[PDB]
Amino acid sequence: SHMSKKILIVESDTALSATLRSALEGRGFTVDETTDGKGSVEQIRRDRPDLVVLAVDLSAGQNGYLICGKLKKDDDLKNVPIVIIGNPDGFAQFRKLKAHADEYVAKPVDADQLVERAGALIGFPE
């Protein structure tokens, strides 16, 4: 009963992104990943994932709160669901801002909670 549902993981912890990618693929999602936080907004514009998993603390001084802020202010990208993963200390503050994520999963992330959250936002694919 499979139907295509695409996820992009923006994460420079590539061990974690591999773990999450495998877990999501196990439920039938089509999954890509990138370490390129700087390019991520434009990659989302190009590739049009159905959901993005976005880390807070990215390489090269990139920051998932800033990236999500940009996505949510972009009239053509602000409807893409975003799950932020990271140190949970900042999540409540982010929720109070106008431009914020759709869901949050604390690091250390359990791949099951992340898969659960993705499925609850866009449905499973099969």
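Start at 1 and count along the sequence shown; that's the residue number.
Sort the modelled residues of the chain by CA B factor and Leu114 lands in the middle third.
Split the chain's modelled residues into thirds by C-alpha temperature factor. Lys78 is in the highest one. When the modelled residues of the chain are ordered by C-alpha B-factor, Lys96 sits in the middle third. Among all modelled residues in its chain, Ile44 ranks in the middle third by Cα B-factor. Per-chain ranking of the deposited C-alpha B factor places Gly64 in the lowest third.
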